[PDB]
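Top line first, the protein sequences correspond to chains Y and U. Residue numbers 36 to 256, 266 to 311, 334 to 480, in PDB author numbering, belong to the letters of the first sequence in order. Here the second sequence is numbered in PDB author numbering, starting from 272 and rising by one per residue. Data first, discussion second: the structure below is written as structure tokens.
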Amino acid sequence: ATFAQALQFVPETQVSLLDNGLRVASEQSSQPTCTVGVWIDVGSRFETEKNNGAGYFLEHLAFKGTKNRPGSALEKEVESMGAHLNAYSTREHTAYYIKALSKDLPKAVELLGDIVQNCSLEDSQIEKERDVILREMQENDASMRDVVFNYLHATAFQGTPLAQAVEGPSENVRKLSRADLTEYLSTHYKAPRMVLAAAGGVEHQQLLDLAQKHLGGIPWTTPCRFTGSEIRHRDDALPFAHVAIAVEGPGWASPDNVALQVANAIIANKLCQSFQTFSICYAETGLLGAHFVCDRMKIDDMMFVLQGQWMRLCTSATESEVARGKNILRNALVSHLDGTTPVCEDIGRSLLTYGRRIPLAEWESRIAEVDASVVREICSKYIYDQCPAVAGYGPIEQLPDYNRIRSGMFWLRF
Amino acid sequence: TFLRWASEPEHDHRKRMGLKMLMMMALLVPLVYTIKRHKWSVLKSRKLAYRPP
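Following this line, the structure appears as structure tokens:
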């Protein structure tokens, strides 16, 4: 039972295409419980400035009422079965998933359909959601990391729909009318842009039957540029500095993603406080970089260490470090896929992203392909001598100026 | 003319080096100025906002 041998034991995810275009995917397993869900290829990047907060508002009011049963009735039905409904919205995906028992599958799928097709947008509920989101703005204001990453996206993509926040501006959510939400639903929540994904104790034909019964009535019928800018909010009274630096990364459909993951896994928090590396991926672009918290007096040293690690990977990457990174990536993948909710989310996102559920054997073969020479070449392709996007939430004063940061992206020795 | 040559035997060489350095400066000054503008454009074009709570 070697690792490569063990990967074959993973059951495949059967995929079927309905008449209206909805893609139904399942990963059956000997699990007492399952997590069904609907994933939609609609996010903030598909919204104009007129309706920037439309998707987040729809997520807020999705469980607050549908035509068949009022919001209280929907919530009571969820709670009585013991299930947990959840939803999330990214700049490119939107998911509603019901986590329940294997024998509760027939109801849950129906629930999803009731949420997806016929959503009751009560005006009073809409105003209540307005108030809730207005409070949630101040709630999110506390989170420094989220503000930093929003700054990073805004400065990196600027004049692109990929740069606006998922929540949207306060004015936009304030003036977002019901008709705008209905138009957003009509133009976006439609098959074949939907994947009904389930895993665990679910039989694929059962899921297909439920989808045809409930999710069968769904209607059948700008250049993204990376600008290496920076944003610098100071607020010197904050305890620790937050910084996120990134460069444009490849989209979802690119072989270089695995090498970049290995490079990130290869990337000393002693100088820092909590330093992390991220490889956010989108359809055609992506943010590959790092994010760390700093003392007021140690931003420069941490930035120097991070950029030195980047340069070392780009120029001279030994085989031992690359092997360690590959092992770390394999362990991270397999450990992340543990759990019913993770595999369901992976199925949905993969279908919305690759058009297919890439098996673990392919992932491991691709990782085995990765070599120190490949790591160096791809890192030089994407990291070496590239204009970065920097976002700093203060206290930032020791953060090097953009010319210094840019000059730190190449080595005079090399 | 001979007395001028005796006073300045380097006259021709001085003129030649002057022409060469004039051409050199005509090449360099716009280039170095462009380099300075390129390096300083980040500050020259940066926009700042004040957002009190």
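Beta carbons are placed, not taken as given, at the ideal position from N, Cα and C, and that holds for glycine.
Residue range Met229 to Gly235 is occupied by the beta strand (DSSP E) that includes Y:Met229, with no alpha helix (DSSP H) assigned at that position. Taking a Cβ-Cβ threshold of 8 Å, the residues of chain Y close to U:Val313 are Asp467, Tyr468 and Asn469, in chain order.
Of the residues Y:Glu385, Y:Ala281 and Y:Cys445, the one whose Cα lies closest to the Cα of Y:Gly460 is Y:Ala281.
Using a C-beta cut-off of 8 Å, the region 209-227 of chain Y makes contact with the region 79-92 of chain Y, since at least three inter-stretch Cβ pairs fall below that distance.
With its beta carbon less than 8 Å from one in chain Y, U:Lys310 belongs to the interface. Taking a contact to require three or more Cβ pairs closer than 8 Å, the region 99-112 of chain Y and the region 391-401 of chain Y do not qualify as touching. Beta-bridge analysis with DSSP links Y:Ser61 to Y:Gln49 and Y:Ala233.
For the set Y:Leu478, Y:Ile275 and Y:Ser79, the Cα lying nearest the Cα of U:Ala320 is the one of Y:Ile275. Minimum Cα-Cα distance from Y:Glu292 among the listed residues Y:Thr48, Y:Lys111, Y:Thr384 and Y:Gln452 corresponds to Y:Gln452.
Distance from the CA of Y:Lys163 to the CA of Y:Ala334, rounded to the nearest whole angstrom, comes to 47 Å. Residue pairing by DSSP places Y:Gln452 opposite no residue, since no beta bridge is assigned to it. The beta-carbon distance between Y:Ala438 and Y:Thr384, rounded to whole angstroms, is 6 Å. This is short enough to meet the 8 Å contact definition.
Sequence-distant partners of Y:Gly78 (beyond 5 residues in either direction) whose C-beta falls short of 8 Å from its own C-beta, in its chain, are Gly90, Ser124, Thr125, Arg126, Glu127, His128, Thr129 and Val201. DSSP places Y:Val359 in the uninterrupted beta strand (DSSP E) bounded by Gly352 to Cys360.
Between the beta-carbon of Y:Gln193 and that of Y:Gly106 there is about 39 Å, and that puts the pair past the 8 Å contact cut. Y:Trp376 is classed as buried because its beta carbon has at least 16 other beta carbons within 10 Å across all chains shown. Sorting Y:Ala356, Y:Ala108, Y:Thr37 and Y:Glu84 by C-alpha distance to the C-alpha of Y:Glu206 places Y:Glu84 at the top. Counting along the chain, no beta strand (DSSP E) covers Y:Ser416; the unbroken alpha helix (DSSP H) around it starts and ends at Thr406 to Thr419.
Your pair Y:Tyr448 and Y:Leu354 checks out as a contact, with CB atoms roughly 6 Å apart and the cut at 8 Å. Contact annotation: Y:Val287 and Y:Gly405 have beta-carbon atoms that are not nearer than 8 Å. The three-state reading of DSSP puts Y:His223 in helix, counting H, G and I together.
Of the candidates Y:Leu250, Y:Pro204 and Y:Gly235, the residue whose Cα lies closest to the Cα of Y:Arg58 is Y:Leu250. Note: Y:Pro105 is bridge-paired with Y:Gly100 in the DSSP secondary-structure output. Within the same chain, and ignoring the five residues on either side of Y:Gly56 in sequence, the residues whose Cβ sits closer than 7 Å to its Cβ are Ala226, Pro227 and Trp255. Counting only residues of its own chain and dropping the five nearest sequence neighbours on each side, Y:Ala118 has a CB closer than 7 Å to the CB of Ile133, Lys134, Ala135, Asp139 and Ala143. A Cβ-Cβ distance of about 4 Å is found for the pair Y:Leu426 and Y:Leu42, placing them in contact under the 8 Å criterion. Non-local C-beta neighbours of Y:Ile311 in its own chain, meaning closer than 6 Å and more than five positions away in sequence, comprise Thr343 and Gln375, ordered along the chain. Y:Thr217 and Y:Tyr420 have their alpha carbons spaced roughly 29 Å apart. For Y:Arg276, DSSP records a beta bridge to Y:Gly458. Taken through DSSP and simplified to helix, strand or coil, Y:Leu187 comes out as helix. Rounded to the nearest whole angstrom, the C-alpha separation of Y:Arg479 and Y:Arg378 is 11 Å. Close CB contacts of Y:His239 within its chain, under the 7 Å cut and outside five residues either way in sequence, are with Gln49, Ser61 and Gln63 (chain order). Under DSSP, Y:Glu435 takes part in no beta bridge, so it has no partner. Residue nearest to Y:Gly252 within the set Y:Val302, Y:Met179 and Y:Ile150 is Y:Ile150 (criterion: CA-CA distance).
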